[PDB]
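Colleague: Following this message is one structure expressed as structure tokens.
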Amino acid sequence: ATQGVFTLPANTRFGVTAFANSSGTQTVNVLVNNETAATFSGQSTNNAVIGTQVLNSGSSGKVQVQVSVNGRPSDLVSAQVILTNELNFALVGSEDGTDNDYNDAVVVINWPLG
Amino acid sequence: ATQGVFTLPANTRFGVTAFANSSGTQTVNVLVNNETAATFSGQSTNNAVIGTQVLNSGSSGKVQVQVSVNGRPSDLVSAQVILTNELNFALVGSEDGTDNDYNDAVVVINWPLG
Amino acid sequence: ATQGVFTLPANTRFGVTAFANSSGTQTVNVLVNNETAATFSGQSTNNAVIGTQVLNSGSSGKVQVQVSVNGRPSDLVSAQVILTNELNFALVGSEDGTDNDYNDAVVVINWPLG
Amino acid sequence: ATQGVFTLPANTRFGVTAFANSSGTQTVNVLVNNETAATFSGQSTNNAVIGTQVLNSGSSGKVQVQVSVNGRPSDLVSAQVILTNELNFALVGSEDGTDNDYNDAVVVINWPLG
Amino acid sequence: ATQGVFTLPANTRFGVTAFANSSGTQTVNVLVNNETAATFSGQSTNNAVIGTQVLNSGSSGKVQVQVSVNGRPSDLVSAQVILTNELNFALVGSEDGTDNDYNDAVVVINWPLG
Amino acid sequence: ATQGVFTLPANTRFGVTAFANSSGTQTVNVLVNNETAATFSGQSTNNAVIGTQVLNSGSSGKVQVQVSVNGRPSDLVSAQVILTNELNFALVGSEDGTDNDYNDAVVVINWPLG
Amino acid sequence: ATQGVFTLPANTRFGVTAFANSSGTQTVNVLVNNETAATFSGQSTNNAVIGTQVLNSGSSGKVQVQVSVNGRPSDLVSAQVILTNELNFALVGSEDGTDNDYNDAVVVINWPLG
Amino acid sequence: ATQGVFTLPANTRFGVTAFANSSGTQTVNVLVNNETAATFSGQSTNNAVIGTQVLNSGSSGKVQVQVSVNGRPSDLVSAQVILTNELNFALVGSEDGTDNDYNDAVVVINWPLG
Amino acid sequence: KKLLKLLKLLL
Amino acid sequence: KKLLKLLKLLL
Amino acid sequence: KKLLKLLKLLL
Amino acid sequence: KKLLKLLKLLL
Amino acid sequence: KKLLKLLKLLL
Amino acid sequence: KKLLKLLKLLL
Amino acid sequence: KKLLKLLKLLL
Amino acid sequence: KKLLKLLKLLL
Ligand SMILES: [Ca+2]
Ligand SMILES: [Ca+2]
Ligand SMILES: [Ca+2]
Ligand SMILES: [Ca+2]
Ligand SMILES: [Ca+2]
Ligand SMILES: [Ca+2]
Ligand SMILES: [Ca+2]
Ligand SMILES: [Ca+2]
Ligand SMILES: [Ca+2]
Ligand SMILES: [Ca+2]
Ligand SMILES: [Ca+2]
Ligand SMILES: [Ca+2]
Ligand SMILES: [Ca+2]
Ligand SMILES: [Ca+2]
Ligand SMILES: [Ca+2]
Ligand SMILES: [Ca+2]
């Protein structure tokens, strides 16, 4: 199944934050309406924040997270969870190798803000 | 029901990251072994990271997140989500007032690391 | 925080299924547009299905689950989870006593159908 | 990533329930310790329960859900969610065709029971 | 050894294509079941296609290529190559003179088609 | 293994001819020295020649055949065969779908010419 | 594409011979009608014959060559060539490493015998 | 056309292996640069290996195979096949009588080695 | 559990 | 409703 | 024949 | 923001 | 870690 | 060779 | 086989 | 090119 794609309410600010846990340098691309809106890159094996940003979901509300290492797409896992019918988390894990810890880049999208 | 309490595997490194979305200064306390293991404090209405750190889950794995604003405890909502039976997110929202956006301090715990 | 309330797309068919795990007879009420749309009652300590049915989410999409035992409201916990940006689960647990297993009535709402 | 595999606490009763939403006849296999422990089969486009059962996770705690339609494996999506650090849901959607509603067989695993 | 004879599956369509690389006019005769099925004639020193056609291998599958220049038979070389146990090439070269480039008429037979 | 790459004698004329056997429009790219030297495009289910051309293998002798359909690379199979130590055929088949007849574009390279 | 699979005439004796050119110990398995009919094992960097054997193609004529080193399947390349429409060679190369010489185990099948 | 002559890369090790399938004793002569480098002799109707050796192609790369039975040269068929532009087979069949099975001595040359 | 059921289990 | 398998069979 | 395309052209 | 509290104090 | 993956293969 | 690939990484 | 050529030599 | 027949006539 497709992973890393989320439909947000339109014209809504959201946070996006990426953590790294891998020897490989992670490149996280955040697309809004199928166009790159942010790119994070960094390397850490200790959960360092390689990027955090506030974006707007725009007219489509379509947000997609992609992860690559050395130009190779990582395998993604994702889900969205809603607490008390209002607080939203869109969650992404990614695997760049063979150990299947799926934490090599971890991306958390949260809304609403403010 | 109790919120903000999570049983992790014991003596395991985990990430904890707190975001702020409120006029009030947020104080996030993370308890391990029922003792304060980290405290984050900050103020943002733009989802700024007020703290991110690697902690150890300790001898029982019990991790508790508390949030307060000017000494008053915030009301918490939480859940844990597991992707591909491996990747763990422990999620906390909190409300310091009356609008019930539950984003005033947002806390994300993730494991495994590395 | 409020629990057991979910915003569905309006006028949309959804499944609702209730399971019982308690000595007490559980009464599950499902409200659509603040009015009772279905009521399930039964007793089981073996997770028996006490009701399953297709309902319609109504003009506002607002769906609320209530649980009571001996006329006393049970304490609720809830969340919504979305898989591959399309498959929705709205999940409720409830506690009628002191052991805090929160399974005394378990309610699962799922959509889309068909 | 692997989907439909869940590690439960050992020697623990759990419920497993399957709903069908497809023209195709759904076959749901539930494996415990890599051996078939239950099989449900049925057809419905209206979320009918094709099976519900109580199983024991056994010494390994490994539970795997498989879904097939006339022998062809369906594509699975899954996640586990934990409420108030105690109430567990292991959720599975499955797609047998091309429309990607992933509801063709919906499987819910819940624990604890009793 | 006999050259330019190939056993195809019976009653099967095949392509036959002839190229010319000689001062002399090439006459390529394609026999099926020992009877002429096609004759190509042309002159080129630039590998021009002097014939390309689809034929049927007939009741025995026996296909034979003969090449002559002004009535004199050319010396032939041939082989059949099968890729991934399914894609067949039957190859013929021919020499009408003394330089032994064996390209004076080059014939490629290929099957299956469609 | 890599397929569709051939080392020709350097600075040598060779013929390249492509046949189509598919519902999809075939695009054949012929690279010499890692730069496109010819592109053929056409559609046939009857082995029509979609391109034939004379090229020079250049200083390196490296010739590569690529096949795509609607921008998607086809799976290639290839080999080279030499008759009487002089007459060379470089052979390519390609599969654009699922039936594995590997004839969807068939490419034959031959040398020497003249 | 599938490699190392050949359709022989039914009920026909054939030879199969394997050569080794690698630091790794090669295990060559020859299947007839999908059942192991011969296994060769040995180590050489000088093209030593690690096995030669006469087999019968049986009623199916299906012969498959597999190669592994320390339990890891090698990548195969293969083709069949027919000389004077009667003498058959089924050829296999295999690569157990990164230099892509594809000679690590070389397997030659020839028929007819006698 | 000349058969059994092959141009190898210079100064390259190659394997040469001969099999016998005839009532007659086969004599295989392998010439490098027009000088005998190996001679095999034997008799088998069961595809026995009558010789296998490693030779060097020398500065000229010219290799020639000749087959005689009771002093009478056999009729030869031959071809060279290259897989993944790297693995080379030079193949010879020979006929010492009238049945034209061309297997009476079968010679396989392969390179590279090592 | 009701006290009667608890007493059945305990006793 | 396996319309792709139906199309394959009919066309 | 690429029936995925025809089918979506369908519906 | 506690603006409601402020307005209640002021008015 | 590329280095570690090959070390595990070797040892 | 087993080890010459490791050596290539280290060197 | 040598039978036929023996027979031709002989007869 | 086949010249010998014609060249023979020349002579
Ligand atoms: Ca990893
Ligand atoms: Ca990792
Ligand atoms: Ca608030
Ligand atoms: Ca807020
Ligand atoms: Ca309870
Ligand atoms: Ca209970
Ligand atoms: Ca579906
Ligand atoms: Ca469906
Ligand atoms: Ca010529
Ligand atoms: Ca010529
Ligand atoms: Ca095809
Ligand atoms: Ca085709
Ligand atoms: Ca190798
Ligand atoms: Ca090797
Ligand atoms: Ca013979
Ligand atoms: Ca013989």
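Within each chain, counting starts at residue 1; across the structure tokens, chains are named A, B, ... in the order shown, with ligands numbered 1 upward in that order.
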Distance limit 12 Å, reference ligand 2, atoms considered: only C-alpha atoms and all ligand atoms. Which residues make the cut? Give them as a ChimeraX atom specification.

Modeller: /A:19-26,43-47,74,93-106 /B:86-87,111-114 /M:1

Colleague: Show which residues sit within 7 Å of residue 77 (chain G), as a list in words. Count only C-alpha atoms, and ignore same-chain residues fewer than 5 positions away.

Modeller: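 Once the nearby chain positions are removed, what remains is residues 1 of chain F; 3, 4, 92, 93 and 94 of chain G; 83 of chain H.
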
Colleague: Please return as a ChimeraX atom specification: the residues of chain A that backbone DSSP assigns to strand (DSSP E).

Modeller: /A:5-7,13-32,35-56,62-69,72-73,75-83,87-95,105-111

Colleague: Would you mind listing what lies within 12 Å of residue 41 (chain H) as number ranges by chain, with only C-alpha atoms counted and same-chain residues fewer than 4 positions away left out?

Modeller: H: 17-20, 24-30, 48-52, 66-70, 105

Colleague: Could you superimpose chain K onto chain O using every C-alpha atom, matched in order, and tell me the RMSD in Å?

Modeller: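 So the superposition leaves a C-alpha RMSD of 1.3 Å.
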
Colleague: For chain M, report every residue with an atom at most 8 Å from chain N (counting only C-alpha atoms), formatted as JSON, numbers by chain.

Modeller: {"M": [3, 6, 7, 10]}

Colleague: Could you check the closest approach to chain G for each of F:73, F:85, F:2, F:38 and tell me which residue wins, using only C-alpha atoms?

Modeller: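 Looking only at the distances to chain G, the closest residue turns out to be F:2.
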
Colleague: Expressed in Å to a single decimal, how great is the separation between CA of residue 65 (chain B) and CA of residue 35 (chain B)?

Modeller: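 Distance reported for this atom pair: 11.0 Å.
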
Colleague: Taking the DSSP secondary structure from the backbone, can you list the residues of chain K that are alpha helix (DSSP H), as a PyMOL selection string?

Modeller: chain K and resi 3-9

Colleague: Export N, CA and C atoms of the chosen residues as a PDB file, in the first residue's frame?

Modeller:
ATOM      1  N   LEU K   3      -4.601  -3.438 -19.435  1.00  0.00           N
ATOM      2  CA  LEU K   3      -6.025  -3.346 -19.145  1.00  0.00           C
ATOM      3  C   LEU K   3      -6.315  -2.386 -18.001  1.00  0.00           C
ATOM      4  N   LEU K   4      -5.342  -2.173 -17.109  1.00  0.00           N
ATOM      5  CA  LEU K   4      -5.464  -1.126 -16.101  1.00  0.00           C
ATOM      6  C   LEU K   4      -5.882   0.191 -16.735  1.00  0.00           C
ATOM      7  N   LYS K   5      -5.288   0.521 -17.888  1.00  0.00           N
ATOM      8  CA  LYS K   5      -5.601   1.771 -18.572  1.00  0.00           C
ATOM      9  C   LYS K   5      -7.011   1.741 -19.141  1.00  0.00           C
ATOM     10  N   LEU K   6      -7.325   0.699 -19.916  1.00  0.00           N
ATOM     11  CA  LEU K   6      -8.671   0.535 -20.447  1.00  0.00           C
ATOM     12  C   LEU K   6      -9.703   0.599 -19.331  1.00  0.00           C
ATOM     13  N   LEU K   7      -9.459  -0.128 -18.235  1.00  0.00           N
ATOM     14  CA  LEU K   7     -10.443  -0.186 -17.152  1.00  0.00           C
ATOM     15  C   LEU K   7     -10.699   1.192 -16.557  1.00  0.00           C
ATOM     16  N   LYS K   8      -9.645   1.947 -16.241  1.00  0.00           N
ATOM     17  CA  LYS K   8      -9.850   3.291 -15.724  1.00  0.00           C
ATOM     18  C   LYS K   8     -10.485   4.187 -16.787  1.00  0.00           C
ATOM     19  N   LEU K   9     -10.098   3.989 -18.056  1.00  0.00           N
ATOM     20  CA  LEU K   9     -10.862   4.596 -19.139  1.00  0.00           C
ATOM     21  C   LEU K   9     -12.272   4.136 -18.978  1.00  0.00           C
TER      22      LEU K   9
END

Colleague: What does the structure give for the distance between CA of residue 31 (chain F) and CA of residue 82 (chain F), in Å to one decimal?

Modeller: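 Computing it gives 21.5 Å between the two atoms.
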